[PDB]
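Everything below concerns the one structure shown next.
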Amino acid sequence: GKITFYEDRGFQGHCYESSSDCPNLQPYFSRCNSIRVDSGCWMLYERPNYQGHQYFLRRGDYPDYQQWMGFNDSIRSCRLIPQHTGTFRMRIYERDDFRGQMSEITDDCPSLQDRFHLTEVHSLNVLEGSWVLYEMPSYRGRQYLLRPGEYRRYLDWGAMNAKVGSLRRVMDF
């Protein structure tokens, strides 16, 4: 994993490269307007300590922050997401605290509405691999990184509501 952040658009200005997690990038650069992901899967954060808007990025060139659906040009923490080989698995629930009907998911899901007739998920259990949760169908809207573990309520994956449109396994190309 290598991501290099650039302060200005079109890969110009002061830059910084990371190969690992960083809870606070503020000491390294004051703004971020373009990015070059050389390798790995990354989750970028608007605020330090992995808070605020989250953005999922894979290898590629990003000449401006709009390219990664950035809210603004603030990137203050990043996570290198560990590659998972084999099966990705998670369970979603009707109600919070793992109650109501449960469905198990093991592939990408561009529309929960379409496949489960659900617009909201009130709790989920990530058993294997890392996933990205999207507020809206077809991987649009606010993004939330799901690492393996228990999410007894939507608040646990850092969202403001239980609206869940799509789900994507964190896989490299």
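What is reported rests on the model, the rules as stated and the sources as named; nothing here is a laboratory result. Note: ideal-geometry Cβ built from the backbone for every residue, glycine included; neighbour counts use all protein chains shown.
Rundown of residues vs (1) closer than 27 Å to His53 by Cβ; (2) among the β-branched types (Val, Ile, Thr); (3) over 17 Å from the mean Cα position of the chain (by Cα), yes/no style:
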{"residue": "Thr87", "(1), (2), (3)": "no, yes, yes"}
{"residue": "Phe98", "(1), (2), (3)": "no, no, yes"}
{"residue": "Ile105", "(1), (2), (3)": "yes, yes, yes"}
{"residue": "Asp108", "(1), (2), (3)": "yes, no, no"}
{"residue": "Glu128", "(1), (2), (3)": "yes, no, no"}
{"residue": "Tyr134", "(1), (2), (3)": "yes, no, no"}
{"residue": "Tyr139", "(1), (2), (3)": "yes, no, no"}
{"residue": "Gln143", "(1), (2), (3)": "yes, no, no"}
| query | Which of the residues belonging to segment 62-79 are part of a loop (DSSP other than H, G, I, E, B) and farther than 19 Å from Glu7 by Cβ? | reply | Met69
| note | Taking segment 8-61 and keeping only residues that are closer than 29 Å to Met160 by Cα, among the small types (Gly, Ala, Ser) and either touching a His at 6+ places or on another chain (Cβ under 8 Å) or not in a strand (DSSP E or B) (or both), one is left with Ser20, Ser30, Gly40
| request: Report whether or not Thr119 is free of Cβ contacts under 8 Å to residues at least 24 places away in the same chain and of a type in the set (S, T, N, Q). | output: no
| task | Considering each of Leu127, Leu118 in turn, give the residue that is of a type in the set (A, V, I, L, M) and outside any strand (DSSP E or B). | result | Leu118
| Here is a list of conditions, (1) surrounded by 14 or more Cβ atoms within 10 Å (Cβ to Cβ); (2) under 30 Å from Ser18 (Cα atoms); (3) free of Cβ contacts under 8 Å to residues at least 40 places away in the same chain, and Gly149 meets all of them except one; can you say which number that is? | (1)
| Among the listed residues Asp114, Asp38, which satisfies the condition of being out of contact with any helix residue (DSSP H, G or I) (no Cβ under 9 Å at 6 or more places or on another chain), acidic (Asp, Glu) and within 30 Å of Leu127 (Cβ to Cβ)? | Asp114
| remark: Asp107 meets each of (1) under 30 Å from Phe5 (Cβ atoms); (2) part of a loop (DSSP other than H, G, I, E, B); (3) not assigned by CATH to the domain that holds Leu44 with one exception, condition (1)
| field | Close pairs (6 angstrom Cβ cut-off, 6 or more residues apart or separate chains): β-branched (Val, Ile, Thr) in segment 1-17, assigned to a strand (DSSP E or B) and surrounded by fewer than 17 Cβ atoms within 10 Å (Cβ to Cβ) anywhere | value | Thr4/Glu17
